[PDB]
Structures are given as C-alpha cells and as structure tokens.
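Asks: Dropping in structure10.cif, with mmCIF, C-alpha atoms.
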data_structure
#
loop_
_atom_site.label_atom_id
_atom_site.label_comp_id
_atom_site.auth_asym_id
_atom_site.auth_seq_id
_atom_site.Cartn_x
_atom_site.Cartn_y
_atom_site.Cartn_z
CA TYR A 136 -11.07 6.17 5.01
CA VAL A 137 -8.87 5.03 2.10
CA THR A 138 -6.60 8.06 2.05
CA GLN A 139 -6.01 7.64 5.73
CA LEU A 140 -5.06 3.94 5.38
CA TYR A 141 -2.49 4.92 2.78
CA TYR A 142 -0.87 7.30 5.26
CA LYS A 143 -1.04 4.72 8.04
CA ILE A 144 0.81 2.27 5.77
CA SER A 145 3.28 4.50 3.96
CA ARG A 146 3.71 7.51 6.26
CA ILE A 147 3.98 9.68 3.14
CA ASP A 148 2.36 13.10 2.89
CA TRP A 149 2.19 14.27 -0.73
CA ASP A 150 2.71 17.73 -2.16
CA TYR A 151 -0.62 18.39 -3.88
CA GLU A 152 0.42 21.43 -5.91
CA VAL A 153 2.99 19.88 -8.23
CA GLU A 154 2.17 18.13 -11.49
CA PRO A 155 1.58 14.36 -11.55
CA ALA A 156 5.00 13.28 -12.88
CA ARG A 157 6.66 15.07 -9.98
CA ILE A 158 6.56 12.62 -7.10
CA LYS A 159 7.04 14.96 -4.17
CA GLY A 160 6.26 14.75 -0.49
CA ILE A 161 7.73 13.84 2.87
CA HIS A 162 8.22 10.35 4.28
CA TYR A 163 7.84 10.12 8.06
CA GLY A 164 7.69 6.79 9.93
CA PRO A 165 9.91 5.59 12.80
CA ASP A 166 13.07 7.26 11.50
CA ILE A 167 13.74 10.97 10.91
CA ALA A 168 11.51 12.37 8.15
CA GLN A 169 13.00 12.67 4.68
CA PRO A 170 11.85 14.49 1.54
CA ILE A 171 10.69 12.77 -1.63
CA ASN A 172 11.22 14.73 -4.84
CA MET A 173 11.78 13.09 -8.17
CA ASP A 174 10.58 13.10 -11.77
CA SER A 175 8.92 9.78 -12.50
CA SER A 176 8.72 10.46 -16.27
CA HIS A 177 11.43 8.05 -17.39
CA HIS A 178 10.79 5.30 -14.86
CA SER A 179 8.55 2.27 -15.15
CA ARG A 180 5.53 1.78 -12.89
CA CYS A 181 6.96 -1.28 -11.18
CA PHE A 182 10.32 0.31 -10.44
CA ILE A 183 8.59 3.42 -9.05
CA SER A 184 6.35 1.31 -6.82
CA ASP A 185 9.32 -0.77 -5.63
CA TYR A 186 11.15 2.49 -4.84
CA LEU A 187 8.27 3.93 -2.80
CA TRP A 188 7.69 0.66 -0.94
CA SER A 189 11.42 0.57 -0.15
CA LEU A 190 10.76 3.51 2.18
CA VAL A 191 8.36 1.48 4.32
CA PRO A 192 10.11 -0.61 6.95
CA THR A 193 9.27 -4.29 7.30
CA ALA A 194 11.06 -4.94 10.60
CA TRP A 195 8.94 -6.40 13.40
CA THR B 131 -14.07 22.25 2.89
CA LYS B 132 -14.09 21.74 -0.88
CA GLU B 133 -10.30 21.98 -0.85
CA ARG B 134 -10.01 19.27 1.80
CA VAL B 135 -12.32 16.77 0.07
CA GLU B 136 -10.57 17.40 -3.24
CA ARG B 137 -7.19 16.79 -1.61
CA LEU B 138 -8.48 13.55 -0.09
CA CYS B 139 -9.59 12.29 -3.51
CA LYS B 140 -6.32 13.38 -5.07
CA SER B 141 -4.31 11.64 -2.35
CA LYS B 142 -6.22 8.38 -2.81
CA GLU B 143 -5.65 8.46 -6.54
CA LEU B 144 -1.95 9.36 -6.35
CA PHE B 145 -1.36 6.64 -3.76
CA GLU B 146 -3.22 4.04 -5.78
CA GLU B 147 -1.21 4.82 -8.90
CA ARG B 148 2.19 5.29 -7.27
CA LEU B 149 2.06 2.44 -4.76
CA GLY B 150 0.17 0.10 -7.08
CA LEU B 151 -2.29 -0.60 -4.25
CA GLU B 152 -6.07 -0.31 -4.56
CA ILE B 153 -8.27 -0.71 -1.47
CA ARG B 154 -11.86 -1.83 -2.16
CA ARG B 155 -14.77 -2.05 0.27
CA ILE B 156 -16.86 -5.21 0.03
CA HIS B 157 -19.67 -6.97 1.90
CA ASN B 158 -19.49 -7.90 5.59
CA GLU B 159 -17.31 -4.89 6.45
CA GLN B 160 -14.26 -6.23 4.65
CA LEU B 161 -11.52 -4.53 2.66
CA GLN B 162 -9.74 -5.98 -0.34
CA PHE B 163 -6.13 -4.93 -0.83
CA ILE B 164 -5.22 -5.27 -4.51
CA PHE B 165 -1.51 -5.05 -5.31
CA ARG B 166 -0.48 -4.44 -8.88
CA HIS B 167 3.00 -3.47 -10.10
CA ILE B 168 4.23 -6.73 -8.56
CA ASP B 169 5.09 -8.72 -11.73
CA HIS B 170 7.53 -6.62 -13.76
CA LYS B 171 6.33 -8.37 -16.95
CA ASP B 172 2.64 -7.85 -16.26
CA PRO B 173 2.29 -4.71 -14.15
CA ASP B 174 -1.51 -4.92 -14.13
CA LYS B 175 -1.48 -8.51 -12.77
CA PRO B 176 -3.24 -8.39 -9.38
CA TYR B 177 -2.19 -9.99 -6.10
CA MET B 178 -4.81 -9.55 -3.41
CA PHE B 179 -5.94 -10.36 0.09
CA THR B 180 -9.07 -9.57 2.06
CA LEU B 181 -9.11 -8.16 5.59
CA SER B 182 -11.78 -8.03 8.26
CA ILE B 183 -11.87 -6.95 11.88
CA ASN B 184 -13.28 -9.64 14.16
CA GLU B 185 -15.63 -9.18 17.10
CA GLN B 186 -12.71 -8.60 19.48
CA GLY B 187 -11.17 -5.92 17.25
CA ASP B 188 -8.46 -8.17 15.78
CA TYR B 189 -7.27 -8.20 12.20
CA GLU B 190 -8.42 -11.29 10.31
CA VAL B 191 -7.26 -12.27 6.82
CA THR B 192 -10.28 -13.84 5.12
CA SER B 193 -8.78 -14.57 1.68
CA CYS B 194 -5.48 -14.40 -0.18
CA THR B 195 -5.24 -14.83 -3.96
CA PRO B 196 -2.78 -16.17 -4.91
CA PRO B 197 -2.09 -17.86 -1.57
CA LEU B 198 0.93 -16.88 0.52
CA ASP B 199 2.73 -19.35 2.75
CA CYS B 200 3.58 -16.56 5.20
CA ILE B 201 0.37 -14.54 5.52
CA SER B 202 -1.09 -16.50 8.44
CA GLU B 203 2.09 -15.82 10.39
CA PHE B 204 1.88 -12.18 9.31
CA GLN B 205 -1.60 -12.09 10.87
CA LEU B 206 -0.14 -13.43 14.13
CA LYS B 207 2.54 -10.74 13.98
CA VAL B 208 0.13 -7.87 13.33
CA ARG B 209 -2.01 -9.07 16.24
CA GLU B 210 1.07 -9.05 18.48
CA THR B 211 2.70 -5.81 17.33
CA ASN B 212 -0.29 -3.83 16.07
CA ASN B 213 2.02 -2.67 13.28
CA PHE B 214 -0.39 -2.36 10.37
CA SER B 215 2.20 -0.67 8.14
CA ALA B 216 4.70 -3.52 8.57
CA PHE B 217 1.92 -6.07 8.01
CA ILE B 218 1.00 -4.57 4.64
CA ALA B 219 4.63 -4.01 3.62
CA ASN B 220 5.51 -7.60 4.45
CA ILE B 221 2.57 -8.88 2.41
CA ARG B 222 3.67 -6.81 -0.58
CA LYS B 223 7.22 -8.16 -0.30
CA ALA B 224 5.88 -11.71 -0.11
CA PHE B 225 3.85 -11.22 -3.29
CA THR B 226 6.94 -9.89 -5.10
CA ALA B 227 8.90 -12.97 -4.02
CA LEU B 228 6.07 -15.22 -5.17
CA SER B 229 5.80 -13.56 -8.60
CA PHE B 230 9.51 -14.12 -9.05
CA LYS B 231 9.04 -17.83 -8.23
CA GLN B 232 5.96 -18.14 -10.49
CA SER B 233 8.31 -16.56 -13.03
#
What's the structure tokens form of this structure?
Replies:
Amino acid sequence: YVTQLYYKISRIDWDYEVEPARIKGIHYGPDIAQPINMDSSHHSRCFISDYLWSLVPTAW
Amino acid sequence: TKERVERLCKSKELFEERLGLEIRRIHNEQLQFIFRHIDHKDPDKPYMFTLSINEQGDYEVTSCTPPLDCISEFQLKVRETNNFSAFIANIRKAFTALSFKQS
C-alpha cells in the first residue's frame, strides 16, 4: 500500500535498473509528463528532497 | 511475481530516502506520515502527522507534531477537492516554513 501512496502523492515512476545515486524516472501529474535524470552524488539530502517536492503542485 | 514484489520494496525504499517521507501503519487503522529532510541543519529531525479515514470515508487528521496552524484547513480542503497529493505537499511546505520560524 505504501508504494502506491507514494505514487498517488508524487506521480513519479522510478527507473529501477539504474544505480541508487542516479535519480531517474518520469514525473506525471496534471501537466505534461517530464523526465527526471540526475546524479544526486554531490547534493545534500535536504536539497534533493526540496527539489523532488518542487515537482508536486500545491495549487487547490 | 518475484520481480514485482522486489520492485515494490525498492520503490518504497527509494521514495522514503529521496522524498524524506516515511509512512508507518499504527493502531486503529491509522497512518503516520513522518517527514524528515525538513530542517536543513538537522535532516533527521522528524515532523509528523497522523491520518485516519472516518466512518463516512473522509480524511481525518488525528495528530500533528509539531502542530501546524494550517493543517485543519488543509483537512477541509482535501475533503472538498479530494486532492490527496496537494494535501500532503501543502503539509510538507507548512513544516518547512515552521522549521524556518523555529530556526
């Protein structure tokens, strides 16, 4: 159930083949889908999380 | 089916780490949403709320630690819009604002 809630919230589908420092997937949601593909190696945890949450609209 | 179950585990773990959001099942059919990566100076510091579904199928926030001045209105809004994604995203944003104010 958890994995599904994460999709419901984020609308991100991950690429499961790439290594863990490669954040790769597709972001769907209300707007046209866009790819995610970046090396998280030299980024802090908080900045990475802020970046991924920036994809999720808050308008309502 | 081994591939599918494995992928589901992997997805949960990647999401938890990347989003800084852990979702925990507790008593009385409730879920705790634990946000970390909120306070840039203490990335493991947790900000959490607890969610239930009431007898009419409505979202009900049963706890929020630390408290948020806006979360009761966010509950109203999720009941009106049924936009669960926006509900969670707005809560996360509110915790970030709060952490900034807490300093």
Asks: Tell me which residues the PyMOL selection byres ((chain B) within 7 of (chain A)) grabs here, as number ranges by chain.
Replies: B: 138, 141-142, 145, 148-150, 153, 167-168, 170, 173, 214-216, 218-220
Asks: Could you check which residues have any atom within 6 Å of (1.6, -7.4, 10.0), counting only C-alpha atoms with coordinates taken straight from the file, and then list them as a VMD selection string?
Replies: chain B and resid 204 to 205 207 to 208 213 to 214 216 to 217
Asks: Determine the nearest neighbour of residue 146 of chain B from the options B:161, B:230, B:225, B:166, counting all atoms listed in the file.
Replies: B:166
Asks: Please provide as JSON, numbers by chain all residues within 8 Å of residue 160 of chain B, with the sequence filter that same-chain residues fewer than 5 positions apart are discarded (counting all atoms listed in the file).
Replies: {"B": [155, 180, 181, 182, 183]}
Asks: Please produce a file of those selected residues containing C-alpha atoms, as a short mmCIF file (atom, residue, chain, number, x, y, z; two decimals), in the coordinates of the input.
Replies:
data_model
loop_
_atom_site.label_atom_id
_atom_site.label_comp_id
_atom_site.auth_asym_id
_atom_site.auth_seq_id
_atom_site.Cartn_x
_atom_site.Cartn_y
_atom_site.Cartn_z
CA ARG B 155 -14.77 -2.05 0.27
CA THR B 180 -9.07 -9.57 2.06
CA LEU B 181 -9.11 -8.16 5.59
CA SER B 182 -11.78 -8.03 8.26
CA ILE B 183 -11.87 -6.95 11.88
#
Asks: I'd like to see the residues matched by the PyMOL selection byres ((chain A and resi 172) around 8) on this file, and ideally I'd get them as a count of residues only.
Replies: 8
Asks: Quick one, how far is atom CA of residue 229 of chain B from atom CA of residue 177 of chain B?
Replies: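 Taking atom CA of residue 229 of chain B as the start and atom CA of residue 177 of chain B as the end point, the length is 9.1 Å.
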Asks: Provide the atom CA of residue 156 of chain B to atom CA of residue 171 of chain B distance in Å, to one decimal place.
Replies: 28.9 Å
Asks: Atom CA of residue 137 of chain B and atom CA of residue 153 of chain A are how many Å apart?
Replies: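 Taking atom CA of residue 137 of chain B and atom CA of residue 153 of chain A, their separation equals 12.5 Å.
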